[PDB]
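Just one chain is shown here, as structure tokens, and it is the form deposited in one PDB entry.
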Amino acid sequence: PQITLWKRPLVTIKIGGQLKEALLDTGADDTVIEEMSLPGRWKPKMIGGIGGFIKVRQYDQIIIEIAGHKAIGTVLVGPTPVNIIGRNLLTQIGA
């Protein structure tokens, strides 16, 4: 089975005690989470640039739990299929 590597189990994150599945993407500078409802204040955000033009919402005061570690920062929310993590969180963990 060398052709395919079993690789250790995937990775999950805990937001408010909720279990979610997300993939790591070093190519993503920021983090985007599929559309969902969350408690607390929210703000409308728009994206354009090149190849973009959709309205999304974001949260600027939420806490994320990773590998039993607490972290506070901005967490952009969009209609993306699932959740994707960018360098913002990847580097947050440190080395």
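Note that residue numbering follows the sequence shown and begins at 1.
The same protein also exists as the form solved in complex with a partner chain; that form is not shown, yet it is the one meant from here on.
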*Non-hydrogen atom contact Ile15 with the partner chain in the entry with it bound at 4.5 angstroms*: no
*asked:* Although the partner isn't part of this model, could you tell me whether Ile84 comes within 4.5 Å of the partner chain in the entry with it bound, counting any heavy atom of the residue?
replied: yes
*Would you check, heavy atoms only and a 4.5 Å threshold, whether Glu35 touches the partner chain in the entry with it bound?*
no
*in the entry with it bound, does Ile63 have a heavy atom within 4.5 Å of the partner chain?*
no
